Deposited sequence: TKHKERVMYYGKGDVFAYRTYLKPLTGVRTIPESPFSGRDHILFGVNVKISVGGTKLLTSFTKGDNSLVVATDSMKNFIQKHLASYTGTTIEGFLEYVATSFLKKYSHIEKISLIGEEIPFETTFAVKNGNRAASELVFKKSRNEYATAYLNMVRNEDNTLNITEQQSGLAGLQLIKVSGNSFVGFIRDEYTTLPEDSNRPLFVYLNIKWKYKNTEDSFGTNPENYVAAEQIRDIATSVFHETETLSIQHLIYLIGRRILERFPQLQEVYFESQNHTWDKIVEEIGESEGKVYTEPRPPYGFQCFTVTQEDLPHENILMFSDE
C-alpha cells in the first residue's frame, strides 16, 4: 500500500445551487435543498507508482503537498455549480486527476455538515430566517468516490457510495428479542417488549453513477428520504431483532428506489437497561459500554 492525503478539510459556502426537481416517496416530505448554507468535511487520499521515491528516498519532486490538496478542495467548492455532495466529489476528483497526471488514484469522502432552519419575528411576522442557522450534531449525508487514471491515460470511477450517518433512533415499545440461544454463556433474559435503541449508518450504491450527481435530479436518492424510510419502517413493524429490522428497511429502500443496486447497513445496539430499583412508571438507564452491532447488505 502507498497512499497519502488530507483529512478534516472543512469547507462552508453560501448559496450553492439549490437541489429541486426531486422525485418524492410516501415515507418522506423531502422536496429538495435550499442550499443557502452548505458545509462539507472532506478527506482526500491519492496514490501512484510515481510516488515511490517520496517514500524510499525522500524525493518530494512529485509530491503534491497535502496543504495544497486542502487548497484545491476549498477552491473547488467556490466554483462548484452543482447541487449534490456526490457531484462535488466528482468535480474535485476529475479536476485533480486532470491537473496531476502522475496520480493514478484518488479516493474522496465527503460528510455533510448539517444546519437547521431557525425562525425570526420581523415586524410581527414569524418566518424562516435566511440568515441564522443552527448547527446540528445529529444525522448527516455522506458520499464516497474513488477514481483512477488507467494505464491508457483515460479516467474512470471505480467505486461510488452515498450514505446517511449518525442516525440514532429509539422505539419505546413494539420490539421483541426472544428465541435466541440459551446456553452456559447466556444471561440475557427473553424480552417481549424492549425499548430498542439503534444507531444506523446506511449506504447505497446506484446502478448508474450519473444518477448520484443531481444532473437529472429526479433520479437522485436523498439521504433525507432514506432517513424517513428508516423511521417509518421502524414504527410500522413489531421488530424481532435489529438484524430483521435492517433487512426490512433495506427492502423498503430498494422498493422505493429501483435505480439503486444495493443498500448496506452498519447498525449498533445501545438499548437502555431497566433500572435496578423495582417499580409507578418503568424507568430505564444507560447500559454498560459493550454494544451489539450488525453489518448487512440487501441487493435488488
In sequence order, what intervals of the deposited sequence carry no C-alpha positions? 1-6, 286-288, 310-323
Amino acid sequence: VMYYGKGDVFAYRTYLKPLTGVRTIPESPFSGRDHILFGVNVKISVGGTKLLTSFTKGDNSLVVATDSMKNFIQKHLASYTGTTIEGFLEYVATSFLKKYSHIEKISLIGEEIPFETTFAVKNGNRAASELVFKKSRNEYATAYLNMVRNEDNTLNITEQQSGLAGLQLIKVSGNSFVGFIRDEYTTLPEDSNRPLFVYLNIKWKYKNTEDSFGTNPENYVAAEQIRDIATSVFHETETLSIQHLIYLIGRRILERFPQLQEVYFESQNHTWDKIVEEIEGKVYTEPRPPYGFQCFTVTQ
From here on, numbers count along this sequence of modelled residues.
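We call the rigid core the largest set of C-alpha positions that still match within 1.5 Å between the two forms.
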In 8 other deposited structures of this protein, rigid core aligned: more displaced of 156-164 and 125-133 by C-alpha RMS: 125-133
Does the comparison with other PDB entries of this protein show residue 279 lacking coordinates in a third or more of them, where both adjacent residues are built? yes
Higher-scoring stretch by recorded Cα B factor average, 75-83 or 115-123: 115-123
On average, which has the higher Cα B-factor in the deposited entry, 172-180 or 207-215? 207-215
By the entry's C-alpha temperature factors, tell me which of 132, 106, 157, 222 sits highest. 157
Of the residues 136, 201, 142, 150, the one whose Cα carries the largest B-factor in the deposited record is 150
Rank-wise, by C-alpha B-factor, drop residue 128 into the lowest, middle or highest third of its chain. highest
Chain-wide C-alpha B factor ranking for residue 94, given as lowest, middle or highest third: middle
Which third, lowest, middle or highest, does the C-alpha temperature factor of residue 279 belong to within its own chain? highest
Compare the C-alpha B factor of residue 57 with those of the other modelled residues in its chain, then answer lowest, middle or highest third. highest
Among the chain's modelled residues, which third holds the C-alpha B-factor of residue 237? highest
